[PDB]
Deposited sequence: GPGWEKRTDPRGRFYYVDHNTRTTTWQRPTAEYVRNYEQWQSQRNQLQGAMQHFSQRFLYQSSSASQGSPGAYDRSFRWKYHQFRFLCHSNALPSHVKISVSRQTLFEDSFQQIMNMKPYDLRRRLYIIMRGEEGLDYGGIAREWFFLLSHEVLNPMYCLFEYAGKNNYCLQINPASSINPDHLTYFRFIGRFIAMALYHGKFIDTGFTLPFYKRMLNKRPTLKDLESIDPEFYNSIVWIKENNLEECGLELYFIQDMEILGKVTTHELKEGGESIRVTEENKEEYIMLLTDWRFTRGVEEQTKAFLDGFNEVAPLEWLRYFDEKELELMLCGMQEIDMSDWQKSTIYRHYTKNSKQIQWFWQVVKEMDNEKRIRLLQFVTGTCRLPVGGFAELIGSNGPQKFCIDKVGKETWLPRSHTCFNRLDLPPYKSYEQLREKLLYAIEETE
């Protein structure tokens, strides 16, 4: 497929080609901002949202749309509503809340957020909600993979990766094709698990973890998003690019990044890292973000730059270490912000290998 720049352009014209006359009024007070928006947009028909956007606060003027999109994207994350939760510590790994059914109209709210996210894309405006790549995969009809579990849920990854090797007979646990779900207070048989059908079991579990409890809500969100902007229009994008379009690119500070990097079996004076920073310098900004996405799981820096960078287990700085065979592609552990970089024999190989890994893996 083509360069992102080309894909964005092709997406833009598809939006513009399908744009429609006149405009839409959505007026909201800053206290009532979430409720207002809700009622207004749900009472509007999805198509009408592709018209020109006129937003009024009741009070003053000013610019106003970018705020509205920004404020409302933060306001939906308020745990007060039980729509979205964080799997990890300190706002790590945003996801739909299984206990969202606590409010009986929750699906209409997810449908509302759907439309809202589609408006942001369709009208060229950015949000800072903080969805994770697997959320974006599902918007692109991509099955989340085994490595995406590591991004959201490290302990569950380790127990699956352990299950993958070695009989398991040297074990005392049956591991039936069933899973318990503790929510708000709570073909399909126990089955036999075998060396053969571990590979079936693992898939079903990998699928299950991402989908568990958030099935009608995710459907609600997409039928959401679709009513306004068809998902077909996204088909050529990958998840990292989708995130990019919704969050926006920003200037990476190469100094901040290099000062705030730690090491395992390596040093700044070591030759792999000298080459590493040489290729990162050699990159344009679109590739630097791609690298950051590859290593951290996102294209957005935390407030305070590379020093304040968080993983799954609290504060976790960007780190490279001598792991993997040479003649291997470097691989990330996004939950720890770690990059396994093999001790490649020359700069040339490493440079070649790093670029492909960032772009293809």
{"property": "Sequence ranges without modelled C-alpha atoms (deposited numbering)", "result": "1-73, 136-139, 264-271, 447"}
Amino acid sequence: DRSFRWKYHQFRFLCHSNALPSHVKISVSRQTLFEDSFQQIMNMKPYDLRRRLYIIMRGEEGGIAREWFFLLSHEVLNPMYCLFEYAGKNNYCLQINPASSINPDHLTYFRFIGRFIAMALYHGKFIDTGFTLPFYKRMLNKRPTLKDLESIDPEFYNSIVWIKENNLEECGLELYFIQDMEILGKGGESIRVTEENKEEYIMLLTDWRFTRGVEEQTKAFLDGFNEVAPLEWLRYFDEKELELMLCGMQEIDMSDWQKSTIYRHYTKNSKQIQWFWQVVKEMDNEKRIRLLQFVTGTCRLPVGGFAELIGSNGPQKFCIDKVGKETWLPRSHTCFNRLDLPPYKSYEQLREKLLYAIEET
From here on, numbers count along this sequence of modelled residues.
property	result
Unmodelled in at least a third of other entries of this protein, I191	no
Flanks modelled, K164 absent in at least a third of other entries	yes
Of 196-204 and 220-228, the one with larger mean CA B-factor	196-204
Stretch with the greater mean C-alpha B-factor as recorded in the entry, comparing 306-314 against 289-297	306-314
Top residue by Cα temperature factor, when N269, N103, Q95, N91 are compared in the entry	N269
Maximum C-alpha temperature factor, selected from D238, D180, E215, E85	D180
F116 - Cα temperature factor, lowest/middle/highest third of chain	lowest
Cα B factor band for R12 (lowest, middle or highest third within the chain)	middle
Cα B factor band for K345 (lowest, middle or highest third within the chain)	highest
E75, C-alpha B-factor rank within chain (lowest, middle or highest third)	middle
Lowest, middle or highest third - CA B-factor, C247	middle
